[PDB]
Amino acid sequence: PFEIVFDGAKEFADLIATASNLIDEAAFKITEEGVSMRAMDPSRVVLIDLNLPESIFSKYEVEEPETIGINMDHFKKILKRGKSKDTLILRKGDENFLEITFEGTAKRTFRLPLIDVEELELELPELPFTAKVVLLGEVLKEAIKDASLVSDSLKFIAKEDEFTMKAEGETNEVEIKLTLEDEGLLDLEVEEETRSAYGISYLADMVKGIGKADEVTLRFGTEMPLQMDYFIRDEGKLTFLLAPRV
C-alpha cells in the first residue's frame, strides 16, 4: 500500500503519454525516496528512464517499498481523462490494482489491474559523450519534422560554436543550424568534433510529448548513443537513450 498525490493530472498524463510513445509495458519502482521506472521499446533501440522524487508530489506516503507492473496504454487512456486542474491520486490497497483518482469538480475513480512485467535488469557501457547540447523543445521537434520530409535518419553534428542536425535525400536535403547567437540554443559544450546519426521514427516518438518552451539536453558522441533529458517540475527527470544508426 501507498498513497501518492500529484496536483495537475493533465501534466502527469503528459509524462506518461510521452513514455507510452515507445513503451508498451513497464515496471514502476515505488519507494519512500520516490517513483522510478526503467523500460525499453519493443525493438530494444530506446532506453527510458523516468525518475519522480517525493518533492514533486503534494502527498507521498509509501509504507512498504513496492514494484508494480503497468500496461502503459491502458494507463495512458485513463490518465488522458484527467483534466488540468484535477488532483491526481495514485493509491494501492492489498489488492492487485492501481486506484487512479481525479479530484476536481468531482471524484472520479478508475481501477487499473496491475500486471506482470518482464523485469530485465540491464544497463550501461562506456558513456563517453564528447558533446552536450541544450535547446528549446520547439527546435528539436521542428528539426525531427523537417528532416522527416527528406530522410530515414538524422545526423547530429556538434562542432565549435555550431550544432547541426542534417538529413539528406535523393534530391532533397535539410539542415538545422544552432549557434550561441541563436535564441533556440541555451547551451553548447564540445570536447571534440562529434558526428552521429539516429532513426527519425524513434526521434519523432521521443519528442511528440515535448512542450513549446521546454528545455531539452542532448548528450552524444561519435557513432555512439544519444541521451535526451528533460525535467519535470524542475526535479523529475525523463531520459531517453537512443541507439545510433550504424
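A residue's number is simply how far along the shown sequence it sits, counting from 1. If you superpose the two forms and keep the largest set of C-alpha atoms that fall within 1.5 Å, you have the rigid core.
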query: Higher C-alpha RMS shift from the shown form in 6 other deposited structures of this protein - 114-122 or 139-147, rigid core fit; finding: 114-122
query: Average Cα temperature factor in the PDB entry - higher stretch of 119-127, 169-177; finding: 119-127
query: Higher-scoring stretch by recorded Cα B factor average, 208-216 or 39-47; finding: 208-216
query: Position of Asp146 among the chain's modelled residues by C-alpha B-factor, lowest, middle or highest third; finding: lowest
query: Where the record places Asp14 (Cα B-factor, split into thirds across the chain); finding: lowest
query: Third of the chain, ranked by Cα B-factor, where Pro1 sits; finding: highest
query: Third of the chain's Cα B-factor distribution that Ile89 belongs to, per the entry; finding: lowest
query: Chain-wide C-alpha B factor ranking for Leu112, given as lowest, middle or highest third; finding: highest
